[PDB]
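Trainee: Enclosed is the structure file coords-v4.json (JSON, C-alpha atoms).
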```json
[["chain", "number", "residue", "atom", "x", "y", "z"],
["B", 34, "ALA", "CA", -15.22, -5.92, -11.66],
["B", 35, "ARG", "CA", -15.26, -6.99, -8.06],
["B", 36, "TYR", "CA", -11.98, -5.28, -7.03],
["B", 37, "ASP", "CA", -10.00, -2.08, -7.49],
["B", 38, "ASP", "CA", -6.42, -3.33, -6.98],
["B", 39, "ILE", "CA", -4.48, -6.53, -6.40],
["B", 40, "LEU", "CA", -2.01, -7.63, -3.75],
["B", 41, "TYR", "CA", 0.20, -10.68, -4.26],
["B", 42, "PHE", "CA", 0.82, -12.23, -0.81],
["B", 43, "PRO", "CA", 4.50, -13.25, -0.17],
["B", 44, "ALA", "CA", 3.79, -16.80, 0.78],
["B", 45, "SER", "CA", 7.45, -17.90, 0.49],
["B", 46, "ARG", "CA", 8.36, -15.33, 3.16],
["B", 47, "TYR", "CA", 5.36, -15.96, 5.49],
["B", 48, "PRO", "CA", 4.38, -19.51, 4.59],
["B", 49, "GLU", "CA", 2.22, -20.32, 7.58],
["B", 50, "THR", "CA", 0.12, -17.15, 7.25],
["B", 51, "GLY", "CA", 0.03, -17.70, 3.45],
["B", 52, "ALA", "CA", -1.23, -21.30, 3.93],
["B", 53, "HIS", "CA", -4.05, -20.02, 6.09],
["B", 54, "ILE", "CA", -5.15, -17.33, 3.64],
["B", 55, "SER", "CA", -4.98, -19.89, 0.77],
["B", 56, "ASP", "CA", -6.93, -22.53, 2.76],
["B", 57, "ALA", "CA", -9.54, -20.03, 3.89],
["B", 58, "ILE", "CA", -10.17, -18.87, 0.38],
["B", 59, "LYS", "CA", -10.36, -22.56, -0.70],
["B", 60, "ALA", "CA", -13.02, -23.10, 2.02],
["B", 61, "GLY", "CA", -15.08, -20.22, 0.52],
["B", 62, "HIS", "CA", -14.03, -17.11, 2.36],
["B", 63, "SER", "CA", -13.78, -14.00, 0.19],
["B", 64, "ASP", "CA", -10.53, -13.21, -1.58],
["B", 65, "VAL", "CA", -11.47, -9.57, -1.65],
["B", 66, "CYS", "CA", -10.93, -7.19, 1.32],
["B", 67, "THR", "CA", -13.21, -4.14, 1.17],
["B", 68, "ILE", "CA", -11.15, -1.90, 3.47],
["B", 69, "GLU", "CA", -13.10, -0.59, 6.51],
["B", 70, "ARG", "CA", -10.80, 0.45, 9.32],
["B", 71, "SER", "CA", -13.37, 1.89, 11.74],
["B", 72, "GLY", "CA", -14.94, -1.46, 12.60],
["B", 73, "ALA", "CA", -11.68, -3.41, 12.88],
["B", 74, "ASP", "CA", -11.39, -3.77, 16.68],
["B", 75, "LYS", "CA", -15.01, -4.89, 16.88],
["B", 76, "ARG", "CA", -14.63, -7.41, 14.05],
["B", 77, "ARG", "CA", -11.57, -8.87, 15.79],
["B", 78, "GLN", "CA", -13.45, -9.16, 19.05],
["B", 79, "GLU", "CA", -16.22, -11.03, 17.28],
["B", 80, "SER", "CA", -13.98, -13.31, 15.18],
["B", 81, "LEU", "CA", -11.73, -14.28, 18.15],
["B", 82, "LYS", "CA", -14.53, -14.76, 20.74],
["B", 83, "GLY", "CA", -13.96, -17.87, 22.82],
["B", 84, "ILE", "CA", -10.63, -18.65, 21.07],
["B", 85, "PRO", "CA", -7.92, -18.90, 23.70],
["B", 86, "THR", "CA", -4.25, -17.91, 23.18],
["B", 87, "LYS", "CA", -1.77, -20.72, 22.21],
["B", 88, "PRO", "CA", 1.73, -19.75, 23.45],
["B", 89, "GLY", "CA", 4.16, -19.29, 20.56],
["B", 90, "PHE", "CA", 1.25, -18.55, 18.15],
["B", 91, "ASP", "CA", -0.99, -15.68, 17.26],
["B", 92, "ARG", "CA", -4.66, -16.05, 16.17],
["B", 93, "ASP", "CA", -4.74, -15.26, 12.45],
["B", 94, "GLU", "CA", -8.06, -14.18, 10.89],
["B", 95, "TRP", "CA", -9.17, -14.49, 7.27],
["B", 96, "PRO", "CA", -11.03, -12.40, 6.17],
["B", 97, "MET", "CA", -9.06, -9.80, 8.06],
["B", 98, "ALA", "CA", -10.56, -7.53, 10.73],
["B", 99, "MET", "CA", -9.87, -4.43, 8.63],
["B", 100, "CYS", "CA", -12.24, -5.73, 5.85],
["B", 101, "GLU", "CA", -16.04, -5.58, 5.67],
["B", 102, "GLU", "CA", -15.86, -9.30, 4.99],
["B", 103, "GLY", "CA", -14.17, -10.02, 8.43],
["B", 104, "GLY", "CA", -15.59, -10.48, 11.92],
["B", 105, "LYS", "CA", -18.29, -13.01, 12.51],
["B", 106, "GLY", "CA", -17.64, -16.22, 10.69],
["B", 107, "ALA", "CA", -14.01, -15.56, 9.71],
["B", 108, "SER", "CA", -11.55, -18.42, 9.58],
["B", 109, "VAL", "CA", -9.15, -18.39, 12.56],
["B", 110, "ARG", "CA", -5.92, -20.42, 12.73],
["B", 111, "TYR", "CA", -3.02, -20.37, 15.16],
["B", 112, "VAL", "CA", 0.03, -19.23, 13.25],
["B", 113, "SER", "CA", 3.66, -19.13, 14.64],
["B", 114, "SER", "CA", 4.12, -15.64, 16.07],
["B", 115, "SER", "CA", 7.28, -14.76, 14.02],
["B", 116, "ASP", "CA", 5.54, -15.63, 10.73],
["B", 117, "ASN", "CA", 2.26, -13.94, 11.64],
["B", 118, "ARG", "CA", 3.80, -10.77, 12.99],
["B", 119, "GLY", "CA", 6.02, -10.43, 9.88],
["B", 120, "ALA", "CA", 2.91, -10.95, 7.74],
["B", 121, "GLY", "CA", 0.95, -8.47, 9.78],
["B", 122, "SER", "CA", 3.63, -5.84, 9.30],
["B", 123, "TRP", "CA", 3.71, -6.55, 5.52],
["B", 124, "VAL", "CA", -0.06, -6.30, 5.16],
["B", 125, "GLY", "CA", -0.34, -3.19, 7.32],
["B", 126, "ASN", "CA", 2.38, -1.48, 5.28],
["B", 127, "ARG", "CA", 0.82, -2.52, 1.94],
["B", 128, "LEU", "CA", -2.74, -1.51, 2.91],
["B", 129, "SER", "CA", -1.54, 1.85, 4.23],
["B", 130, "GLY", "CA", -1.58, 3.14, 0.61],
["B", 131, "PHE", "CA", -5.25, 2.37, 0.08],
["B", 132, "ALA", "CA", -8.26, 4.34, 1.18],
["B", 133, "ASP", "CA", -11.22, 2.93, 3.10],
["B", 134, "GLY", "CA", -13.76, 1.56, 0.65],
["B", 135, "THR", "CA", -11.10, 0.30, -1.81],
["B", 136, "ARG", "CA", -11.59, -3.34, -2.73],
["B", 137, "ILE", "CA", -8.32, -5.30, -2.70],
["B", 138, "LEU", "CA", -8.09, -8.76, -4.33],
["B", 139, "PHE", "CA", -5.51, -10.97, -2.55],
["B", 140, "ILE", "CA", -3.71, -13.65, -4.61],
["B", 141, "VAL", "CA", -1.63, -16.27, -2.84],
["B", 142, "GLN", "CA", 0.54, -18.08, -5.42],
["G", 34, "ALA", "CA", -15.32, 22.82, 13.23],
["G", 35, "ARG", "CA", -11.75, 21.75, 12.11],
["G", 36, "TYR", "CA", -10.70, 18.30, 13.65],
["G", 37, "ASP", "CA", -12.08, 14.89, 14.88],
["G", 38, "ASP", "CA", -9.24, 13.79, 17.18],
["G", 39, "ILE", "CA", -5.88, 15.00, 18.48],
["G", 40, "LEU", "CA", -2.51, 13.22, 18.14],
["G", 41, "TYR", "CA", 0.22, 14.45, 20.51],
["G", 42, "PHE", "CA", 3.48, 14.20, 18.57],
["G", 43, "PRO", "CA", 6.33, 12.90, 20.87],
["G", 44, "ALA", "CA", 9.01, 15.42, 20.13],
["G", 45, "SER", "CA", 11.18, 14.17, 23.05],
["G", 46, "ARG", "CA", 11.35, 10.74, 21.31],
["G", 47, "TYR", "CA", 11.77, 12.00, 17.69],
["G", 48, "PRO", "CA", 13.25, 15.46, 18.16],
["G", 49, "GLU", "CA", 14.41, 16.20, 14.57],
["G", 50, "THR", "CA", 11.07, 15.17, 13.06],
["G", 51, "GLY", "CA", 9.28, 17.07, 15.84],
["G", 52, "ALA", "CA", 11.33, 20.22, 15.16],
["G", 53, "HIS", "CA", 10.43, 20.11, 11.53],
["G", 54, "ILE", "CA", 6.68, 19.64, 12.20],
["G", 55, "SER", "CA", 6.71, 22.46, 14.73],
["G", 56, "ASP", "CA", 8.73, 24.79, 12.41],
["G", 57, "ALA", "CA", 6.38, 24.07, 9.51],
["G", 58, "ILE", "CA", 3.22, 24.78, 11.61],
["G", 59, "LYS", "CA", 4.83, 28.13, 12.58],
["G", 60, "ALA", "CA", 5.35, 28.79, 8.84],
["G", 61, "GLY", "CA", 1.59, 28.35, 8.47],
["G", 62, "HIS", "CA", 1.34, 24.79, 7.16],
["G", 63, "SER", "CA", -1.79, 23.05, 8.44],
["G", 64, "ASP", "CA", -1.57, 21.44, 11.85],
["G", 65, "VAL", "CA", -4.52, 19.22, 10.79],
["G", 66, "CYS", "CA", -4.11, 16.08, 8.68],
["G", 67, "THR", "CA", -7.21, 15.10, 6.71],
["G", 68, "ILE", "CA", -6.33, 11.48, 6.12],
["G", 69, "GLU", "CA", -6.32, 10.55, 2.42],
["G", 70, "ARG", "CA", -4.15, 7.52, 1.70],
["G", 71, "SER", "CA", -4.82, 6.90, -1.98],
["G", 72, "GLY", "CA", -3.06, 10.11, -3.23],
["G", 73, "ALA", "CA", 0.06, 9.77, -1.12],
["G", 74, "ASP", "CA", 2.44, 8.58, -3.90],
["G", 75, "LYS", "CA", 1.39, 11.44, -6.18],
["G", 76, "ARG", "CA", 1.57, 14.01, -3.35],
["G", 77, "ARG", "CA", 5.03, 12.82, -2.32],
["G", 78, "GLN", "CA", 6.22, 13.11, -5.94],
["G", 79, "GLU", "CA", 5.00, 16.68, -6.09],
["G", 80, "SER", "CA", 6.45, 17.77, -2.69],
["G", 81, "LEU", "CA", 9.85, 16.12, -3.30],
["G", 82, "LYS", "CA", 10.32, 17.24, -6.95],
["G", 83, "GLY", "CA", 13.95, 18.14, -7.38],
["G", 84, "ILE", "CA", 14.93, 16.93, -3.89],
["G", 85, "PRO", "CA", 16.98, 13.74, -4.11],
["G", 86, "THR", "CA", 17.58, 11.09, -1.44],
["G", 87, "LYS", "CA", 20.74, 11.51, 0.70],
["G", 88, "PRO", "CA", 22.19, 8.46, 2.52],
["G", 89, "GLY", "CA", 21.80, 8.89, 6.29],
["G", 90, "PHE", "CA", 18.71, 11.10, 5.92],
["G", 91, "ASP", "CA", 15.08, 10.74, 4.94],
["G", 92, "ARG", "CA", 13.08, 13.56, 3.28],
["G", 93, "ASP", "CA", 10.44, 14.56, 5.84],
["G", 94, "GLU", "CA", 7.29, 16.33, 4.57],
["G", 95, "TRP", "CA", 4.89, 18.53, 6.51],
["G", 96, "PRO", "CA", 2.06, 18.36, 5.73],
["G", 97, "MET", "CA", 2.38, 14.60, 5.22],
["G", 98, "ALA", "CA", 1.78, 12.90, 1.87],
["G", 99, "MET", "CA", -1.03, 10.80, 3.48],
["G", 100, "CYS", "CA", -2.98, 14.04, 4.18],
["G", 101, "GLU", "CA", -5.14, 16.07, 1.78],
["G", 102, "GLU", "CA", -3.07, 19.04, 2.93],
["G", 103, "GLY", "CA", 0.21, 17.52, 1.60],
["G", 104, "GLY", "CA", 1.80, 17.56, -1.82],
["G", 105, "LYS", "CA", 2.72, 20.77, -3.69],
["G", 106, "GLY", "CA", 3.94, 23.48, -1.33],
["G", 107, "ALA", "CA", 4.75, 21.20, 1.65],
["G", 108, "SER", "CA", 7.72, 21.94, 3.86],
["G", 109, "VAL", "CA", 10.50, 19.41, 3.26],
["G", 110, "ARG", "CA", 13.57, 18.82, 5.45],
["G", 111, "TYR", "CA", 16.26, 16.16, 5.50],
["G", 112, "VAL", "CA", 15.99, 14.40, 8.88],
["G", 113, "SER", "CA", 18.29, 11.67, 10.24],
["G", 114, "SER", "CA", 16.88, 8.38, 9.09],
["G", 115, "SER", "CA", 16.59, 6.66, 12.47],
["G", 116, "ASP", "CA", 14.62, 9.66, 13.95],
["G", 117, "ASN", "CA", 12.38, 9.89, 10.87],
["G", 118, "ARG", "CA", 11.64, 6.18, 10.51],
["G", 119, "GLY", "CA", 10.87, 5.91, 14.20],
["G", 120, "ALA", "CA", 8.43, 8.83, 13.81],
["G", 121, "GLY", "CA", 6.84, 7.34, 10.75],
["G", 122, "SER", "CA", 6.26, 3.99, 12.43],
["G", 123, "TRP", "CA", 4.81, 5.72, 15.52],
["G", 124, "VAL", "CA", 2.50, 8.00, 13.48],
["G", 125, "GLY", "CA", 1.44, 5.20, 11.10],
["G", 126, "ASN", "CA", 0.51, 2.95, 14.06],
["G", 127, "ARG", "CA", -1.37, 5.73, 15.79],
["G", 128, "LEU", "CA", -3.39, 6.54, 12.58],
["G", 129, "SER", "CA", -4.07, 2.96, 11.41],
["G", 130, "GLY", "CA", -7.45, 2.73, 13.12],
["G", 131, "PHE", "CA", -8.83, 5.91, 11.52],
["G", 132, "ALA", "CA", -10.77, 5.76, 8.30],
["G", 133, "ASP", "CA", -9.86, 8.03, 5.41],
["G", 134, "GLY", "CA", -11.46, 11.44, 5.83],
["G", 135, "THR", "CA", -10.65, 11.60, 9.59],
["G", 136, "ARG", "CA", -9.21, 15.02, 10.55],
["G", 137, "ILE", "CA", -6.37, 14.68, 13.06],
["G", 138, "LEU", "CA", -5.00, 17.76, 14.83],
["G", 139, "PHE", "CA", -1.29, 17.33, 15.62],
["G", 140, "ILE", "CA", 0.12, 19.02, 18.73],
["G", 141, "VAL", "CA", 3.91, 18.80, 19.03],
["G", 142, "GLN", "CA", 4.88, 18.30, 22.70]]
```
What's the structure tokens form of this structure?

Mentor:
Amino acid sequence: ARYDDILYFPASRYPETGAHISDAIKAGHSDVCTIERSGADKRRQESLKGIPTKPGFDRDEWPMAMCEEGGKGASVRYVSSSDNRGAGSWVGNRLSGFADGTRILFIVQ
Amino acid sequence: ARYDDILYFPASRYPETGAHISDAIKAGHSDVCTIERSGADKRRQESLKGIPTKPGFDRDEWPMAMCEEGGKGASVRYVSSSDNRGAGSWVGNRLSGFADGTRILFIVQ
């Protein structure tokens, strides 16, 4: 199998972030996050390079910076800050139970 | 030797949680957290066996359940929920960039 555990993203609660993750996966980005926290700041620097801030929005990355699959080439979308920060808190809290190296499949229904 | 980085615990901001951590280090519980996130549910179930929830309080563990050092034998104390949840958010944010296996020395100050 290609993953160790599954996370069901709460798209009804964070619909804008959920739409991005679902679209990114539809455009071929991995649906699995192989957790790697050490490289996360550097991946984010590489994914967000040359992408200016849009007031009222944050720059959402899929795959995420905390995944081996993130960084160069990741899909970036401006997402309303309330939605994206709520989503970021949800994901951070959910991934906090998983060790580095664990492969998490994300499902956005 | 025994740690990779140092986290200064902000006992002036979270004084009940800080008092517990300090008291438990003086009772010989490790001041180093070897981060290990996958076992945290199982460790917490071992440390808190027979200790029920109490509205207004959270059950604080030292060593923490997200540390190899936690689980059976940990010091447990009921701490006011606002103090403890503040501490947990602060500690969780400060540790989120460290991969599993990272040894963090805590100094309560």

Trainee: Let's have chain B fitted on chain G; use all the C-alpha atoms paired in order for the least-squares step and return it as a PDB file with C-alpha atoms, keeping the file's coordinate frame.

Mentor:
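This is the output file part-v8.pdb:
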```pdb
ATOM      1  CA  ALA B  34     -14.601  22.504  14.894  1.00  0.00           C
ATOM      2  CA  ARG B  35     -11.836  21.976  12.408  1.00  0.00           C
ATOM      3  CA  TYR B  36     -10.809  18.471  13.592  1.00  0.00           C
ATOM      4  CA  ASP B  37     -12.250  15.167  14.767  1.00  0.00           C
ATOM      5  CA  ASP B  38      -9.418  13.853  16.978  1.00  0.00           C
ATOM      6  CA  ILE B  39      -6.035  14.878  18.337  1.00  0.00           C
ATOM      7  CA  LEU B  40      -2.598  13.294  18.225  1.00  0.00           C
ATOM      8  CA  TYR B  41       0.186  14.460  20.535  1.00  0.00           C
ATOM      9  CA  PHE B  42       3.498  13.963  18.672  1.00  0.00           C
ATOM     10  CA  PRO B  43       6.301  12.376  20.820  1.00  0.00           C
ATOM     11  CA  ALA B  44       8.863  15.030  20.191  1.00  0.00           C
ATOM     12  CA  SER B  45      11.174  13.858  23.015  1.00  0.00           C
ATOM     13  CA  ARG B  46      11.444  10.465  21.291  1.00  0.00           C
ATOM     14  CA  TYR B  47      11.771  11.772  17.684  1.00  0.00           C
ATOM     15  CA  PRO B  48      13.138  15.267  18.221  1.00  0.00           C
ATOM     16  CA  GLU B  49      14.366  15.983  14.723  1.00  0.00           C
ATOM     17  CA  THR B  50      11.071  14.979  13.079  1.00  0.00           C
ATOM     18  CA  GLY B  51       9.203  16.843  15.869  1.00  0.00           C
ATOM     19  CA  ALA B  52      11.264  20.022  15.222  1.00  0.00           C
ATOM     20  CA  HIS B  53      10.314  19.890  11.570  1.00  0.00           C
ATOM     21  CA  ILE B  54       6.593  19.454  12.212  1.00  0.00           C
ATOM     22  CA  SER B  55       6.717  22.298  14.803  1.00  0.00           C
ATOM     23  CA  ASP B  56       8.683  24.607  12.450  1.00  0.00           C
ATOM     24  CA  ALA B  57       6.430  23.842   9.504  1.00  0.00           C
ATOM     25  CA  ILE B  58       3.337  24.653  11.463  1.00  0.00           C
ATOM     26  CA  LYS B  59       5.070  27.868  12.680  1.00  0.00           C
ATOM     27  CA  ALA B  60       5.725  28.770   9.003  1.00  0.00           C
ATOM     28  CA  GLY B  61       1.967  28.390   8.283  1.00  0.00           C
ATOM     29  CA  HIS B  62       1.467  24.828   7.174  1.00  0.00           C
ATOM     30  CA  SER B  63      -1.726  23.211   8.451  1.00  0.00           C
ATOM     31  CA  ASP B  64      -1.718  21.436  11.793  1.00  0.00           C
ATOM     32  CA  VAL B  65      -4.621  19.329  10.665  1.00  0.00           C
ATOM     33  CA  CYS B  66      -4.229  16.175   8.503  1.00  0.00           C
ATOM     34  CA  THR B  67      -7.427  15.294   6.627  1.00  0.00           C
ATOM     35  CA  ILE B  68      -6.602  11.624   5.990  1.00  0.00           C
ATOM     36  CA  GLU B  69      -6.650  10.647   2.275  1.00  0.00           C
ATOM     37  CA  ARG B  70      -4.622   7.531   1.609  1.00  0.00           C
ATOM     38  CA  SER B  71      -5.409   7.043  -2.089  1.00  0.00           C
ATOM     39  CA  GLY B  72      -3.442  10.075  -3.258  1.00  0.00           C
ATOM     40  CA  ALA B  73      -0.431   9.542  -0.987  1.00  0.00           C
ATOM     41  CA  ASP B  74       2.137   8.231  -3.506  1.00  0.00           C
ATOM     42  CA  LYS B  75       1.265  11.041  -5.902  1.00  0.00           C
ATOM     43  CA  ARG B  76       1.487  13.722  -3.206  1.00  0.00           C
ATOM     44  CA  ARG B  77       4.919  12.403  -2.207  1.00  0.00           C
ATOM     45  CA  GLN B  78       6.092  12.478  -5.793  1.00  0.00           C
ATOM     46  CA  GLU B  79       4.989  16.084  -6.073  1.00  0.00           C
ATOM     47  CA  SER B  80       6.360  17.258  -2.702  1.00  0.00           C
ATOM     48  CA  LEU B  81       9.790  15.585  -3.214  1.00  0.00           C
ATOM     49  CA  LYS B  82      10.263  16.572  -6.899  1.00  0.00           C
ATOM     50  CA  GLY B  83      13.797  17.755  -7.562  1.00  0.00           C
ATOM     51  CA  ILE B  84      14.896  17.078  -3.943  1.00  0.00           C
ATOM     52  CA  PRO B  85      17.872  14.741  -4.009  1.00  0.00           C
ATOM     53  CA  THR B  86      18.669  12.117  -1.326  1.00  0.00           C
ATOM     54  CA  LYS B  87      21.158  13.123   1.463  1.00  0.00           C
ATOM     55  CA  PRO B  88      22.901   9.957   2.753  1.00  0.00           C
ATOM     56  CA  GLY B  89      22.091   9.307   6.413  1.00  0.00           C
ATOM     57  CA  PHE B  90      18.822  11.317   6.110  1.00  0.00           C
ATOM     58  CA  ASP B  91      15.336  10.820   4.826  1.00  0.00           C
ATOM     59  CA  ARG B  92      13.200  13.587   3.222  1.00  0.00           C
ATOM     60  CA  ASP B  93      10.494  14.434   5.758  1.00  0.00           C
ATOM     61  CA  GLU B  94       7.292  16.113   4.511  1.00  0.00           C
ATOM     62  CA  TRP B  95       4.881  18.316   6.452  1.00  0.00           C
ATOM     63  CA  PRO B  96       1.973  18.252   5.693  1.00  0.00           C
ATOM     64  CA  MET B  97       2.280  14.522   5.241  1.00  0.00           C
ATOM     65  CA  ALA B  98       1.597  12.722   1.950  1.00  0.00           C
ATOM     66  CA  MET B  99      -1.339  10.835   3.472  1.00  0.00           C
ATOM     67  CA  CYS B 100      -3.212  14.170   4.108  1.00  0.00           C
ATOM     68  CA  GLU B 101      -5.230  16.293   1.676  1.00  0.00           C
ATOM     69  CA  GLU B 102      -3.070  19.170   2.854  1.00  0.00           C
ATOM     70  CA  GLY B 103       0.198  17.458   1.588  1.00  0.00           C
ATOM     71  CA  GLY B 104       1.836  17.310  -1.833  1.00  0.00           C
ATOM     72  CA  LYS B 105       2.564  20.485  -3.685  1.00  0.00           C
ATOM     73  CA  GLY B 106       3.953  23.143  -1.439  1.00  0.00           C
ATOM     74  CA  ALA B 107       4.685  20.954   1.601  1.00  0.00           C
ATOM     75  CA  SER B 108       7.682  21.697   3.773  1.00  0.00           C
ATOM     76  CA  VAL B 109      10.526  19.201   3.203  1.00  0.00           C
ATOM     77  CA  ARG B 110      13.513  18.786   5.546  1.00  0.00           C
ATOM     78  CA  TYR B 111      16.265  16.194   5.708  1.00  0.00           C
ATOM     79  CA  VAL B 112      15.866  14.329   8.965  1.00  0.00           C
ATOM     80  CA  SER B 113      18.334  11.671  10.365  1.00  0.00           C
ATOM     81  CA  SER B 114      17.064   8.319   9.103  1.00  0.00           C
ATOM     82  CA  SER B 115      16.809   6.634  12.575  1.00  0.00           C
ATOM     83  CA  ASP B 116      14.658   9.484  13.939  1.00  0.00           C
ATOM     84  CA  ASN B 117      12.495   9.777  10.828  1.00  0.00           C
ATOM     85  CA  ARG B 118      11.907   6.074  10.395  1.00  0.00           C
ATOM     86  CA  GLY B 119      10.950   5.713  14.092  1.00  0.00           C
ATOM     87  CA  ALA B 120       8.576   8.661  13.650  1.00  0.00           C
ATOM     88  CA  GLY B 121       7.171   7.203  10.479  1.00  0.00           C
ATOM     89  CA  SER B 122       6.431   3.926  12.222  1.00  0.00           C
ATOM     90  CA  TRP B 123       4.761   5.803  15.135  1.00  0.00           C
ATOM     91  CA  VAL B 124       2.587   7.902  12.839  1.00  0.00           C
ATOM     92  CA  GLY B 125       1.636   4.980  10.609  1.00  0.00           C
ATOM     93  CA  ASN B 126       0.626   2.933  13.654  1.00  0.00           C
ATOM     94  CA  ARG B 127      -1.355   5.824  15.200  1.00  0.00           C
ATOM     95  CA  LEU B 128      -3.166   6.752  11.961  1.00  0.00           C
ATOM     96  CA  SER B 129      -4.060   3.115  11.294  1.00  0.00           C
ATOM     97  CA  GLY B 130      -7.021   3.535  13.708  1.00  0.00           C
ATOM     98  CA  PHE B 131      -8.569   6.388  11.757  1.00  0.00           C
ATOM     99  CA  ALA B 132     -10.679   6.252   8.646  1.00  0.00           C
ATOM    100  CA  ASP B 133     -10.051   8.260   5.482  1.00  0.00           C
ATOM    101  CA  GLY B 134     -11.768  11.621   5.775  1.00  0.00           C
ATOM    102  CA  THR B 135     -11.080  11.941   9.535  1.00  0.00           C
ATOM    103  CA  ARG B 136      -9.431  15.231  10.428  1.00  0.00           C
ATOM    104  CA  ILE B 137      -6.552  14.793  12.889  1.00  0.00           C
ATOM    105  CA  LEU B 138      -5.088  17.803  14.753  1.00  0.00           C
ATOM    106  CA  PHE B 139      -1.364  17.292  15.516  1.00  0.00           C
ATOM    107  CA  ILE B 140       0.085  18.995  18.625  1.00  0.00           C
ATOM    108  CA  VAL B 141       3.836  19.074  19.123  1.00  0.00           C
ATOM    109  CA  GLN B 142       4.586  20.121  22.726  1.00  0.00           C
TER     110      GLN B 142
END
```

Trainee: Can you tell me which residues surround region 102-107 of chain B at a distance of at most 9 Å, considering all atoms listed in the file, apart from same-chain residues fewer than 4 positions away, and format the answer as a PyMOL selection string?

Mentor: chain B and resi 57+62-63+65-68+73+75-81+94-98

Trainee: Write out the residues from the selection above, keeping C-alpha atoms, as a PDB file, keeping the file's coordinate frame.

Mentor:
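Written file, part_26.pdb:
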```
ATOM      1  CA  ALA B  57      -9.540 -20.030   3.890  1.00  0.00           C
ATOM      2  CA  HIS B  62     -14.030 -17.110   2.360  1.00  0.00           C
ATOM      3  CA  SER B  63     -13.780 -14.000   0.190  1.00  0.00           C
ATOM      4  CA  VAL B  65     -11.470  -9.570  -1.650  1.00  0.00           C
ATOM      5  CA  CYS B  66     -10.930  -7.190   1.320  1.00  0.00           C
ATOM      6  CA  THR B  67     -13.210  -4.140   1.170  1.00  0.00           C
ATOM      7  CA  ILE B  68     -11.150  -1.900   3.470  1.00  0.00           C
ATOM      8  CA  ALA B  73     -11.680  -3.410  12.880  1.00  0.00           C
ATOM      9  CA  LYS B  75     -15.010  -4.890  16.880  1.00  0.00           C
ATOM     10  CA  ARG B  76     -14.630  -7.410  14.050  1.00  0.00           C
ATOM     11  CA  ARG B  77     -11.570  -8.870  15.790  1.00  0.00           C
ATOM     12  CA  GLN B  78     -13.450  -9.160  19.050  1.00  0.00           C
ATOM     13  CA  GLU B  79     -16.220 -11.030  17.280  1.00  0.00           C
ATOM     14  CA  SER B  80     -13.980 -13.310  15.180  1.00  0.00           C
ATOM     15  CA  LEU B  81     -11.730 -14.280  18.150  1.00  0.00           C
ATOM     16  CA  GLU B  94      -8.060 -14.180  10.890  1.00  0.00           C
ATOM     17  CA  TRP B  95      -9.170 -14.490   7.270  1.00  0.00           C
ATOM     18  CA  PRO B  96     -11.030 -12.400   6.170  1.00  0.00           C
ATOM     19  CA  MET B  97      -9.060  -9.800   8.060  1.00  0.00           C
ATOM     20  CA  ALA B  98     -10.560  -7.530  10.730  1.00  0.00           C
TER      21      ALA B  98
END
```

Trainee: Smallest atom-to-atom distance to residue 71 (chain B): which of B:43, B:99, B:116, B:134, using only C-alpha atoms?

Mentor: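 Of the candidates, the smallest distance to residue 71 (chain B) is held by B:99.
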
Trainee: I need the contact residues of chain G against chain B, so if you could list those with any atom within 7 Å, counting all atoms listed in the file, and return them as a ChimeraX atom specification, that would help.

Mentor: /G:69-71,130-133

Trainee: Rounded to one decimal in Å, what is the spacing between CA of residue 38 (chain G) and CA of residue 124 (chain G)?

Mentor: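 Result for CA of residue 38 (chain G) versus CA of residue 124 (chain G): 13.6 Å, one decimal.
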
Trainee: Which protein, DNA or RNA residues are at most 12 Å from (8.0, 21.0, 18.6) in the file's coordinates when you count only C-alpha atoms, listed as a list in words?

Mentor: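 Within the cut-off we find residues 41, 42, 43, 44, 45, 46, 47, 48, 49, 50, 51, 52, 53, 54, 55, 56, 57, 58, 59, 64, 139, 140, 141 and 142 of chain G.
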
Trainee: Could you work out how far CA of residue 138 (chain G) lies from CA of residue 36 (chain G), giving the answer in Å with one decimal?

Mentor: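 Computing the Euclidean distance for CA of residue 36 (chain G) and CA of residue 138 (chain G) yields 5.8 Å.
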
Trainee: Find the residue from G:87, G:35, G:119, G:113 that sits nearest to residue 137 (chain G); use all atoms listed in the file when measuring.

Mentor: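 Of G:87, G:35, G:119, G:113, the one nearest residue 137 (chain G), counting all atoms listed in the file, is G:35.
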
Trainee: Mind pulling up the distance from CA of residue 120 (chain B) to CA of residue 85 (chain B)?

Mentor: 20.9 Å

Trainee: To test the calculation: enclose all listed atoms of region 39-58 of chain B in a box whose edges run along x, y and z, add 4 Å on each side, then state centre and edge lengths in Å to one decimal, as JSON.

Mentor:
```
{"center_x": -0.9, "center_y": -14.5, "center_z": 0.6, "size_x": 26.5, "size_y": 24.0, "size_z": 22.0}
```

Trainee: For residue 91 (chain G), list every protein, DNA or RNA residue within 6 Å, evaluated using all atoms listed in the file, and leave out those in the same chain fewer than 4 positions away; present the list as an MDAnalysis selection string.

Mentor: chainID G and resid 111:112 114

Trainee: Will you give me region 77-81 of chain B, written with N, CA and C atoms and laid out as a PDB file, in the first residue's frame?

Mentor:
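Full text of decode.pdb as output:
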```
ATOM      1  N   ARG B  77       8.516  25.640   1.635  1.00  0.00           N
ATOM      2  CA  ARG B  77       7.533  26.760   1.510  1.00  0.00           C
ATOM      3  C   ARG B  77       8.182  27.922   0.794  1.00  0.00           C
ATOM      4  N   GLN B  78       9.446  28.179   1.114  1.00  0.00           N
ATOM      5  CA  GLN B  78      10.185  29.198   0.392  1.00  0.00           C
ATOM      6  C   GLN B  78      10.239  28.907  -1.108  1.00  0.00           C
ATOM      7  N   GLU B  79      10.512  27.654  -1.461  1.00  0.00           N
ATOM      8  CA  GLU B  79      10.550  27.290  -2.862  1.00  0.00           C
ATOM      9  C   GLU B  79       9.170  27.296  -3.504  1.00  0.00           C
ATOM     10  N   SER B  80       8.152  26.780  -2.840  1.00  0.00           N
ATOM     11  CA  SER B  80       6.817  26.783  -3.522  1.00  0.00           C
ATOM     12  C   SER B  80       6.267  28.202  -3.761  1.00  0.00           C
ATOM     13  N   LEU B  81       6.498  29.110  -2.806  1.00  0.00           N
ATOM     14  CA  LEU B  81       5.918  30.456  -2.804  1.00  0.00           C
ATOM     15  C   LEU B  81       6.787  31.549  -3.496  1.00  0.00           C
TER      16      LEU B  81
END
```
